[PDB]
Every structure is written in C-alpha cells, then in structure tokens.
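Just one chain is shown here, as structure tokens, and it is the form deposited in one PDB entry.
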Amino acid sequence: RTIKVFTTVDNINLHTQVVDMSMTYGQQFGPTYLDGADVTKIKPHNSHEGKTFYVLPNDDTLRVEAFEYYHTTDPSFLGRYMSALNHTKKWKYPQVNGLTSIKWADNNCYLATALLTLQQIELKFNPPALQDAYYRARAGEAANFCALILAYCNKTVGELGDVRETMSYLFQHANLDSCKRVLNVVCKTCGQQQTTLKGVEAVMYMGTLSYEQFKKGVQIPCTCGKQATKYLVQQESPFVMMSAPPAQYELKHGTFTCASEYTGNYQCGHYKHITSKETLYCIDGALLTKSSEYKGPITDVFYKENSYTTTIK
C-alpha cells in the first residue's frame, strides 16, 4: 500500500518517491518536513499524494542541490530552516510606509528593523535561496526570508539577536566585492598608518554613528598608551553602516537613510526602526509614528554613498 510523493532540498528540483503507507516518513527518508512541519514520526495519508516533502541532503545529488541553492554545508541548516518556517509562516507582514515590516512576535523586533533596512539600501544576495525569498519578502510574503535569516544566523524563533551582527551575516552572503574603504590612523608619537578594507569590512564601522565625524576623525587607543586619530581617506560603496554601543543620539531629518534604536537591557530589550523620508517615520513592527526630530538610544545608522575622497592632506 503506497502513494507517490516528491522529496526536495530546494523546493524546485523534485525527486519522485513511492512510500509505504504503513511506515513513517522517518523510517523511509530520515527527518522529513511538509512546509516546515516535522512529519518524521507521521505515516503517509492519501492527502499527501503528489505533495513535496523537504529531506536532509544525505546523498551526493541532494548535497549538490542544497549547496547550489543555500551556499552552506552546515548539516543542521535545513532542519533549522524548517523549524523557523513553521513559526514565520504564521507571522504577519503588514506594509508600513510602502515597506514590508513584521508584526511583533517571538522577539522578532531585530528582524523587522533588519528587513526594513534591506529595502532601503542597494544590495543583491549571492545564494539563490536568499534571492528568491527576498523577492517574495519585498512583495509582502516574507515568511521564507525570515526563516532563512534565522537559519543562516543560527537564531531560533524567540531569541533576541543584534541587528549589526545579523546585517553582518547577510552582507557576507551579498555581492559587496566592489566595496572599498581606505583609513588613516595618525599617532603624534608613532606617526601614520594607512589601512585598506574590502567587501563587508569596507561598509561597517563600530565606534561612531556619525558618517561626518568618521570623515573628520575619531580618537582610538594606540599600543604606545596615547590616543591616536582615525579618519576616512576614501569610500566606494552604495551605502555605509555606522554602529556604536546604544547611547542617546539625535537623528536629523535628511542627513541619513535609516537607523536602528535599541531600548532596554542585555538580551531583553526592543529594537525600533527610523527612516528619513519627507519626515522622520518610526516603524515599530506594525506600528507607525512620525516626528520632525528624533532622539533615542541609536545603535546603527545607514547612509547613502557612491564615491568619497577626503580633502584632508
């Protein structure tokens, strides 16, 4: 007694299977999922005929398909993706000021601000999984994209992540190869030291939120025990992300693209998103407020860029 089903790792390439309806999916395929639901311990029902089940990439055909689609060989990746999807499928993705947001659930505030940020910066993903899911998220169906971020970042639904760390992981899977940064560190004692950064390290800085201050210079520790000055010589990138420990900061309309605000304590706080459009909009999941001025505990600010060369000699 049998039905026909299809197994997959990428939901595109299907593998015809004939399953014994007296045995679990588990006994025939190993761990098995139906649109995120774990059916490993369940026996085939007739309503399953012709349906697609996810399985683990446990032969060379599935390994090649999984790597080509996801760009990861982490063995627990597919199970993490399916477990998250089972939750993200039931989140709400309301359109807020023309952007896909996420209604608050399960500490997902860091994800909502990350998703809102992506839709305001020029970025293309390398893994087809992220390309296809990000296209759907932009159209309003973000369940797959959210599940993939959770899986790539090794975060479970319910865990509060850091926005900067999350953007860092997503940038590693994006085409930032054109991006270039040149830095100069001046110590009165020790003189000068020029650094070039490439890719992800060229678009991220930790220590100040102000793109203008980065250009004029910021004080950092030197090994000699003095304070050295670091400023921006040259930048080629479509955006920059300036990050700092959360601290009261004033966001001025028209001077930035968007920003992330973090309120509260370590691992038990809340992120909000601020976008600079015709005014300052504060997007907090499904919630929207406006103001002409904004002050809060800002962690990250995104700025547009193309090409910058310092006048500092």
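A residue's number is simply how far along the shown sequence it sits, counting from 1.
**Q** Output the stretch having the higher mean C-alpha B factor in the entry; the candidates are 8 to 16 and 301 to 309.
**A** On average, C-alpha B-factors are higher across 301 to 309.
**Q** Could you settle it for me: does 193 to 201 or 238 to 246 have the higher average Cα B factor in the PDB entry?
**A** Stretch with the greater average CA B-factor: 193 to 201.
**Q** Would you mind checking which of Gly225, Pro94, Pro127, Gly161 has the top Cα temperature factor in the PDB entry?
**A** Within the set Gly225, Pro94, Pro127, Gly161, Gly225 shows the top C-alpha B-factor.
**Q** Return the residue from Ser260, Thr32, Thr275, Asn46 that has the highest Cα B-factor in the entry.
**A** When the deposited C-alpha B-factors of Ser260, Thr32, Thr275, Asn46 are compared, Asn46 is largest.
**Q** Relative to the other modelled residues in the chain, which third contains the C-alpha temperature factor of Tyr266: lowest, middle or highest?
**A** Ranked within chain, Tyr266 CA B lands in the highest tercile.
**Q** Splitting the chain's C-alpha B-factors into thirds, which one does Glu165 fall into?
**A** Lowest third - that is where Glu165 ends up once the chain's C-alpha B-factors are sorted.
**Q** Report the third (lowest, middle or highest) to which the CA temperature factor of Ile42 belongs, ranking only the modelled residues of the same chain.
**A** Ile42: CA B-factor falls in the highest third of its chain.
**Q** Should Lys252 be placed in the lowest, middle or highest third of its chain by the C-alpha B factor in the entry?
**A** For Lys252, whose C-alpha B-factor we compare with every modelled residue in the chain, the answer is the highest third.
**Q** Would you mind checking where the Cα B-factor of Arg136 ranks among the modelled residues of its chain, as the lowest, middle or highest third?
**A** Its C-alpha B-factor belongs to the middle third of this chain's values.
Missing here is the form deposited in another entry; even so, the following discussion is about that form.
**Q** Single out the hinge among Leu56, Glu141, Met82, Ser168, the place where one rigid part of the chain pivots against the other between the shown form and the other one.
**A** For the motion described, the hinge option is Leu56.
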